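Down below is the structure, laid out as structure tokens.
Reconstructed Cβ throughout: ideal geometry from the backbone, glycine too, with neighbour counts over all protein chains shown. Every read-out reported here was derived from the displayed coordinates using simple, explicitly stated rules and does not represent laboratory data.
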Amino acid sequence: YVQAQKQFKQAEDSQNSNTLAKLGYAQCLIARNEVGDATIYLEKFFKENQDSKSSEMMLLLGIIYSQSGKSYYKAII
Amino acid sequence: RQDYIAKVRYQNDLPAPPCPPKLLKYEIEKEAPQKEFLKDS
């Protein structure tokens, strides 16, 4: 998980257009049980890329917000 | 005062507990299946 997350970070630094690398980075953050860091990273990516049609990212955001509970409206959206 | 006999008693009695049927949590409502599902390749 640490090595895969580092490789995803290097891929992101090499080419920022690789959305799959950033989503895998978020998945690796989930793998290391870093729920809060993954949530902050996902919020940053969504606010920077509001026009991106990353359906799985929005599904993961909805699941995370449902787990949090207080952000239920964002989960609905 | 010899007049009409009538009693006034406001009714604010609390009802009995309803005990409704309990919902069953989904598989995705537990942390370990969530971890298995999100970490899918």
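Things worth noting here:
- Residue order, fewest to most beta carbons within 10 Å, for A:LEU59, B:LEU24: B:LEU24, A:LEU59
- Cleavage-rule hits, trypsin sites (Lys or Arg not before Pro), chain B, DSSP coil, Cβ neighbours within 10 Å at most 13: B:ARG1, B:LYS7, B:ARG9, B:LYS22, B:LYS25, B:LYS30, B:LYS39
- Proximal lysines to A:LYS9, defined as alpha-carbon separation beneath 24 angstrom and excluding residues fewer than eight positions away on the same chain: A:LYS22, A:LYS44, A:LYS47, A:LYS53, B:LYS35, B:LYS39
- Charge sum, other residues only, whose C-beta stays under 15 Å from A:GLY24's C-beta, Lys/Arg counted +1 and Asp/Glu -1: -1
- Rounded tilt (10° steps) of A:35-48 against the dominant C-alpha axis of chain A: 90 degrees
- Sequence-ordered 3J(HN,Hα) estimates for the stretch B:27-35 from the Karplus curve with 6.51, -1.76 and 1.60 and θ = phi - 60° stand at 4, 7, 8, 9, 5, 5, x, 4, 4 Hz, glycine and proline given as x.
- Taken over chain B, the percentage of Cα pairs per 5 Å bin, counting from 0 up to the bin with the maximum distance, is 5, 13, 10, 8, 8, 7, 7, 7, 6, 5, 5, 4, 4, 4, 3, 3, 1, 0.
- Kirkwood Rh in Å, taken over all unlike Cα pairs in chain A: 12.8 Å
- Under 18 Å from a label point set 7 Å out along the Cα-to-Cβ vector of A:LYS53, the amide N atoms of the stretch A:7-27 belong to A:18-20.
- The stretch A:46-77: trypsin sites (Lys or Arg not before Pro) falling in loop per DSSP and having at most 16 other Cβ within 10 Å: A:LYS53, A:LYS70
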